[PDB]
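Descriptive structure summary
Listed here are the chains, written in short residue letters.
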Amino acid sequence: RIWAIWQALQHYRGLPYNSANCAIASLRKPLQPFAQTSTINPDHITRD
Amino acid sequence: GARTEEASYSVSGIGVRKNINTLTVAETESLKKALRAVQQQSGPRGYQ
């Protein structure tokens, strides 16, 4: 909730809210260990 | 200044007129050289 209202604050002041600007290269790696086979990940939307 | 704050999209107009803020670096020099190659022509196409 804090995160969301924070993005709302940047949106209200006109600042872009859902685009990082210091760890772009680091954010390339997908989240782990929640990108494995469907056996490990019971959900599909997070898997994709 | 020139940042659109949502620059993740770089769509191309083809007959569409866009603001200088929405103008992109990739198409900047492309338009520059296009007009350079258009201006000096003669005949009915001639800029003069």
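The name given to chain B in the PDB entry is Hemocyanin, with Pomacea canaliculata as the source organism.

Identification of chain A as Hemocyanin from Pomacea canaliculata is taken from the PDB entry.

Some remarks on the overall build of chain A
For chain A, the helix and strand inventory stands at one helix and zero strands. Along the three orthogonal principal directions, the C-alpha set of chain A runs to about 45 × 25 × 15 Å. Each of the 48 residues in chain A was classed as buried or not, and the buried ones make up 6%. Only carbon and sulfur atoms are counted for the fraction: they give 66% of the accessible area of chain A, which is about 4700 Å².

Some words on a nonpolar patch on the surface
Residue and element names in this part refer to chain A. The grouping of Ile2, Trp3, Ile5 and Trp6 at the surface amounts to a nonpolar patch, some 560 Å² of accessible area in total. Looking at where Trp3 falls in the secondary structure, it is placed in helix α1 (residues 2-13). Exposure remark for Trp3: the relative accessible area of 64% places this residue in the exposed category.

Details of α1(A)
In this model α1(A) runs 17 Å from its N-terminal to its C-terminal C-alpha over twelve residues, within 8% of the 16 Å that 1.5 Å per residue would give. Note on α1(A): the residue one or two positions beyond its end, A:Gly14, has a positive phi of about 90°.

What about the pattern of salt bridges?
Note that side chains of opposite charge can pair when their charged atoms are close. Inspection of the entire model under this criterion finds one salt bridge over all chains. Taking the shortest distance from any N to any O, the salt bridge between B:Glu5 and B:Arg3 comes out at 2.8 Å.

A closer look at the environment of B:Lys18
All names here are of chain B. Within the fold, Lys18 resides in the segment before α1 (25-39). Given a relative accessible area of 39%, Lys18 falls into the partly exposed group. Taking C-alpha positions, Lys18 is 20 Å from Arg36, a pair spaced 18 residues apart along the chain. In this view, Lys18 contacts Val11, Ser12 and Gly13; residues no more than four positions away in its chain are not counted. Of note is the side chain of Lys18, whose polar atom sits 2.4 Å from the backbone oxygen of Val11.

About the thresholds
- Residues numbered from 1 in each chain as written, not as in the entry; some residues may be left out.
- Chains lettered and ligands numbered in written order.
- Part of a larger assembly, values for the part shown.
- Heavy atoms only, no water.
- Helix = DSSP H or I, 4+ residues; strand = E, 2+ residues; numbered from the N terminus.
- Buried < 20%, exposed > 50% of the residue type's maximum accessible area, 1.4 Å probe, protein only.
- Areas by Shrake-Rupley, 256 points an atom, 1.4 Å probe, with all protein chains shown as cover.
- Patch = residues over 30% accessible without salt bridge, like charges linked within 9 Å, V, L, I, M, F, W, Y side chains within 5 Å.
- Salt bridge = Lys/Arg side-chain N within 4 Å of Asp/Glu carboxyl O.
- Expected span 1.5 Å × (residues − 1).
- Contact = heavy atoms within 4.5 Å.
- Polar contact = N/O pair within 3.5 Å; in protein donor to acceptor, adjacent residues only side chain to side chain.

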